[PDB]
């Protein structure tokens, strides 16, 4: 299976100045639960903003840089390489990879952040006419998670 994994706000903002505009620990645990034991594919800027590979799963970075070699990271240089990765593969970001892959993935795990943040990078527009809602779960709010959010699993019709 080839899936998108993304958190975007009410206007589809995903990032600002190579960081996330929000901090939402529940969403990072969502990422950890979905992706532990599988594969993440991310663009070079997304990788550099995380700084290190995420533990207990395969980290694949797409870059044109043939000098890229990071301990604990597999490197690919073409979109077509993604289709050779075995197992459950999550397209992890950022804007460039989401734009390149949204028409190719089987399904999307989207966290809708119910706020309007300042952004400079966006998830591409999509319509529910193309996507069935396999599940929709409101995130629980607490002291450490103060922004309303919803976990959507969307499957291509």
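Positions refer to the first chain, counted from 1.
- Note on 112 to 120 vs 24 to 32: mean CA B-factor is higher in 24 to 32.
- Checked against the record, the higher mean CA B factor of 133 to 141 and 13 to 21 lies with 133 to 141.
- Among the modelled residues of its chain, residue 157 has a C-alpha B-factor that falls in the highest third, as given in the PDB entry.
- Among the modelled residues of the chain, residue 60 sits in the middle third by CA temperature factor in this PDB entry.
- In this PDB entry, residue 44 carries a Cα temperature factor that places it within the middle third of its chain's modelled residues.
- Sort the modelled residues of the chain by CA B factor and residue 97 lands in the lowest third.
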